[PDB]
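Asks: 3D, please:
(6 chains)
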Amino acid sequence: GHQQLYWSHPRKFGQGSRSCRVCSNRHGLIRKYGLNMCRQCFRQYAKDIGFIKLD
Amino acid sequence: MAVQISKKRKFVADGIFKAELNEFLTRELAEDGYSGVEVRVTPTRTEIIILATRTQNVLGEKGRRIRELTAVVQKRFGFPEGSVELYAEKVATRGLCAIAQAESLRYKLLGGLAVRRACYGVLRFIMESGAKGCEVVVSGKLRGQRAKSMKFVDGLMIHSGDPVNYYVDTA
Amino acid sequence: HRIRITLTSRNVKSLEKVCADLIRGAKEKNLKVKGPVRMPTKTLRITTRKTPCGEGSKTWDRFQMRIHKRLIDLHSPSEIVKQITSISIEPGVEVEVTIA
Amino acid sequence: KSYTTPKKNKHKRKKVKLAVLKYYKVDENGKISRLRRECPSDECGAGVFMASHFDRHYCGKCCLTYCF
Amino acid sequence: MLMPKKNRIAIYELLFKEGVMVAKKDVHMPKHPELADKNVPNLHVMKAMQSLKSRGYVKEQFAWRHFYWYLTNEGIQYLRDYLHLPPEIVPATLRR
RNA sequence: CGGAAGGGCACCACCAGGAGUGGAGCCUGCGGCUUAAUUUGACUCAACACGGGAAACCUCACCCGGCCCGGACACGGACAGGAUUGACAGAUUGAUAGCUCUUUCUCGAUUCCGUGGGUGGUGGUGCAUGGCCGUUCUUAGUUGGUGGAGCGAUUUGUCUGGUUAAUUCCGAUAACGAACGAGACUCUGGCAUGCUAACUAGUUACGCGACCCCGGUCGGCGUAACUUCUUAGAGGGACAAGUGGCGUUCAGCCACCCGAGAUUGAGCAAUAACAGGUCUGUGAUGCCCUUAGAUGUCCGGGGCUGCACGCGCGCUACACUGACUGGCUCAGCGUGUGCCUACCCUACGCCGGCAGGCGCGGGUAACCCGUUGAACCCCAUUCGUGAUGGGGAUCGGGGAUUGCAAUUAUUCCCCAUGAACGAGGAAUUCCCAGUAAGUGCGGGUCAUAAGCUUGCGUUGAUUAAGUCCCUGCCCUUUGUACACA
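Replies: Numbers count the residues shown, from 1 in each chain, chains lettered A, B, ... in the order given. Sure, the structure comes next:
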């Protein structure tokens, strides 16, 4: 069936199951500390998150 | 907490909370003069001051949009009933706020005011409000297809060092 | 009766003001209080690319988030601890109160 | 662009004029005759008839098969 | 979008009991995370609110993963005429 | 701009050296070739282990076939005598896709057929852009206001000389008052036997217990003080401060006593410009194209790995300053149970040589891994100049882990086969103090995973304190028939 084959893919792993939480793309994901977002949006919103370039 | 999250993930999740909340209120209160938020967490309650310019325009019809924003936070962030409270407050000396003058300038250019006259009006308004200096850089396509970038700088303006982190404001 | 306060904060002098205010409150309420114990700080390090694409010289950022943690023990009942911790709170410092 | 293999057409829905008229058999007295077998499932007690094919009987939405 | 009538009445009843409603940008969701009692799939929620949006009955906003809808007074009147409810009871966003 | 002159600066330049590349093997990227596809951007510094790009699925944008509309909304028809979904059997198909073909059951106004129109697009356009990054440009340069010179573009200030890493200052001066950059600033690192503190860290004394002949050891237990070792806060400390020389005796330079430093490193980093890269980061976006037999989306498989060739970054070696086997002995950056999320770090006991498997524990983290028992190095046998016990390319048989799926060996382990390589040509890369280099450990990529990158630790030097010779940069003058210079 269409309902039986529209979601027949196991998404329990891999870099396509997870994505960014801003862009929802599958490249350059910062999965560290539960950020789960791409590095460009991390550079954009690091001041709003709290990461600052000290050294 | 029953799931017992870590503090390393907790401060990062609070930073993502502040970033997503700032972006949501920036996209939603753009036409009303948004300038910032400040959040306070207590036991069983979470207070937050929205800091904006036009308080009547951010409240609407007797706090209707404020109640809508409380319901937004309650539905999206999983907060209990009455566990979060929002309060709108007027920006004192709003001419020094960089993002408020930026949103004023982009709404002037969206209404259809010319670029030179709009930059002159913004610079005259902030020098009447009283500031140390300014830097109005409007980049884009002007009078044709070639990208032409303008720059209107007068007064004291610092660029380098640690004082550029918290002595100026960039929008 | 041995009630534990954990102070976690991102900023330094605000956390110092909060723990000094807790010390002054415990000294004015005259209970057996231990010294504020400093847990070692944690520098969350993120190293990403400055460039959105990968075209140019290989530059790297060092995003540093310095978090700090202190602990204060109190020999007092729960009402005294709630009365102290319900006064003069600020968003920079998160307070965790453990009864046991 | 132009193609060589012809496309597969959509299944044309065979409409049935008065499908309830092919279910019961009417008598001049006050009684009815039920041709097709009812489905004994729990989700469909008595109001749902089954398909009367040439070799075996079948109910669709609960997927219940009775062969001979 | 062929939708179940029970799920359509449930989503419109949620939209009437609170005018502002959220949804998650994910077509592949079995159940809606707010109303976990019924089925109410997120694709049905998004397409029903998009059908309400396209004829100008609701206001749209987006924050990085989530579509937000602010229900206007014309949408209040449309949901009242659809649900055949008396105009005395009001949604909770106008409560004071 | 000058293969014109006068100064200064730079190990992305040299001298003196150190380690290398180019020589052999392997890994990764690019060009080329073949292919249904070997998706594509980038071609000097400023493209080529770069797009965080270590791709079986996804990513995937390419190809081969098949579903679905997720074509909103408006207009015109159809319709309750029913607008339209779903459906196991048999043929088809790849699948237990009603995707289709013959037979019919079911959904209930949500829907269908055409016209406008919108949405979606890792489609094209970075020569439309915004933003970000890189470069000009790690050097010290740049600009108003007034006054002055010139009709004017322009010039002075913005410099003859000295000095400095610096347009940094001294001092003359048609200049004066100034502004950005540099400097200044923040963080990192040793100096504190002084303060604040410590049962999420230890020290000293004891109460014991164990062992050896009063004494020694015990991370084996508990406690009367304390922070010296541990950690983080206020601080303080170094400023050319003092002496002796050089120098307008000003700006400054060298050596030295006292002293932990008498030049640690990173971030930010001015005006103006690049027809640099990114539309393949965005529901940032303009224009063009497609839009139902889709360039939307999903499923199944392949490919991104293909191999006569060349180039670039790296890893392993060419050995006796070494290989193998036992004994001993030393860290810190760090990380650790996830919204969806289905996936954490592991102590200990058994099964097995091994990868691993099974049980109870600890840990949301100075509590548990962990006193983080890491390598080179230290000691004692085997080797004997042989492509040999160096080296481990290639290849066969087998056993487990992760995953729905390993075939093009995902990775790990055992045995066996045992190639080139004898210090590498023109040419070329990086560097001068805890530095290069050897060496190992953490994070990202991660379900399985580091031949990459970013941090950290151990051992730890040779040679130099200069120069424009080569390559470039910055001031002054000169010449120009250049100004996409």
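Asks: need the contact list for residue 25.
Replies: You didn't pick a chain, so chain A it is. A:19, A:38 (Cβ atoms under 8 Å, 6 or more residues apart in numbering or on different chains). Yep, even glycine has a C-beta here, placed from its N, CA and C like the rest.
Asks: to clarify, I was referring to chain E.
Replies: So residue E:25 contacts A:24, E:46, E:65, E:66, E:67 (Cβ under 8 Å, 6+ apart).
Asks: quick check: bridge partners of the fourth one?
Replies: What it means is residue E:66. On the basis of DSSP bridges, residue E:66 is bridged to residue E:24.
Asks: tell me the contacts of it?
Replies: Contacts of residue E:66 (Cβ under 8 Å, 6+ apart): B:76, E:22, E:23, E:24, E:25.
Asks: only the buried members of the residues you listed: can you turn that into a PyMOL selection?
Replies: Buried residues within the contacts of residue E:66, by 16 or more other Cβ atoms under 10 Å in any protein chain shown, are selected in PyMOL with:
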select buried, (chain B and resi 76) or (chain E and resi 22+23+24)
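Asks: skip the chain neighbours and tell me the closest residue to residue B:96.
Replies: residue B:131 (5.8 Å; Cβ to Cβ, 6 or more residues apart in numbering or on different chains).
Asks: give me the number of residues near that neighbour?
Replies: 18 (other Cβ atoms under 10 Å in any protein chain shown).
Asks: could you do the one 5 residues further on as well?
Replies: Other residues within reach of residue B:136, judged by other Cβ under 10 Å, total 18.
Asks: now the helices: where do they sit in chain B?
Replies: Along chain B, the stretches classed as helices by DSSP state H are B:7-28, B:55-59, B:64-76, B:98-111, B:115-129, B:163-166.
Asks: most packed of those?
Replies: Of all those, helix B:64-76 has the most neighbours on average by mean count of other Cβ atoms under 10 Å in any protein chain shown, namely a mean of 20.
Asks: run through who's touching that one.
Replies: Looking at helix B:64-76 with Cβ under 8 Å, 6+ apart, the contacting residues turn out to be B:21, B:24-25, B:28, B:50, B:58-60, B:79-81, B:83-86, B:88, E:18-22, E:34, E:63, E:66, E:68, E:70, E:92-95.
Asks: helix or strand: which one has residue C:84?
Replies: Assigned by DSSP states H and E, residue C:84 belongs to helix C:78-85.
Asks: so after that helix, what's the next helix or strand?
Replies: Next in line after helix C:78-85, if elements are assigned by DSSP H and E, sits strand C:93-98.
Asks: flag every residue of chain C that's near RNA strand F.
Replies: C:6, C:12-13, C:15-16, C:34-60, C:62, C:68-69, C:71 (Cβ under 7 Å from any atom of the strand).
Asks: list the ones among the residues you listed that fall in helices.
Replies: Per DSSP H, the residues of chain C next to RNA strand F map to helices at C:13, C:15, C:16.
Asks: just the buried residues out of the residues you listed, in ChimeraX syntax.
Replies: Entered in ChimeraX, the line below selects the buried ones among those, by 16+ other Cβ under 10 Å:
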select /C:15
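Asks: filter the contacts of residue E:25 to the buried ones?
Replies: Of the contacts of residue E:25, these count as buried by 16+ other Cβ under 10 Å: E:46, E:65, E:66, E:67.
Asks: tell me the two of those residues that are most distant?
Replies: Across the buried ones among the contacts of residue E:25, no pair lies farther apart than E:46 and E:65, at 12.4 Å, counting by Cβ to Cβ.
Asks: which stretches of chain A form strands?
Replies: Here chain A has its strands, by DSSP state E, at A:29-30, A:37-38.
Asks: which ones are touching the spatially most central residue of chain A?
Replies: The residue lying closest to the centre of chain A (Cα atoms, centre = their mean) is residue A:20, at 2.5 Å. Residue A:20 sits next to A:26, A:29, A:36, A:37, A:38, A:41 when contact means Cβ under 8 Å, 6+ apart.
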